[PDB]
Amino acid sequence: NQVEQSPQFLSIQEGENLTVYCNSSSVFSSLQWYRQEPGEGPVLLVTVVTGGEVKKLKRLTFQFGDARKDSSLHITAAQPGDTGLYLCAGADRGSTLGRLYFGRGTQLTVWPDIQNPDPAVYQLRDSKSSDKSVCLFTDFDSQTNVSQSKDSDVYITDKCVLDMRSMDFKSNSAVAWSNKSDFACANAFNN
């Protein structure tokens, strides 16, 4: 009824194992896990009904706590495709029919390993005539932390990974920009 999920966010490299948790002060007659991708409806993964029960569906292992007040989802050998919001939902059969109580979820992001990191900050010119430019920090490894701007007139995005599929090649990038004028790409991503 009050459903707690932890951790709130989990960022991890592919290949790794992980466990996420769902807790309640209330006993459940059953418990579901859902995965939601951005812009889309949550998708049912599993239902557990028996205290202590273990349901394995491929690389995902779900457990229902013995007292039926908690559950865990364990993922073996995380793949980028596992990325998403993992929602836990419990039924109180003492309440009503179809009354599922939801946790807020664990946002899980699984990052690809970078084979040959080659970090660089590049300046790009606007396609049409402008005094406008952006900075691209790219080709860094996965334990690189892109620092947030904090400075008013500078915008810095979070890291994004792209897959050049034909080439068997993935890279990380982050973008910085300003209106002007004190802004230089040299200062943009300094740590």
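The first residue of the sequence shown is number 1, and the count goes up from there.
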Legend entry - Stretch with the higher entry mean CA B-factor, where the candidates are 106-114 and 89-97: 89-97
Inset, instruction - Between 43-51 and 142-150, point out the one with the higher average CA B-factor as the PDB entry records it. - result: 142-150
Inset, instruction - Have a look at 173, 13, 23, 178 and flag the one whose Cα has the highest B-factor in the entry. - result: 173
Legend entry - Member of 134, 162, 57, 156 with the greatest C-alpha B factor (per the PDB record): 57
Legend entry - CA B-factor placement of residue 130, once the chain's modelled residues are sorted into thirds: highest
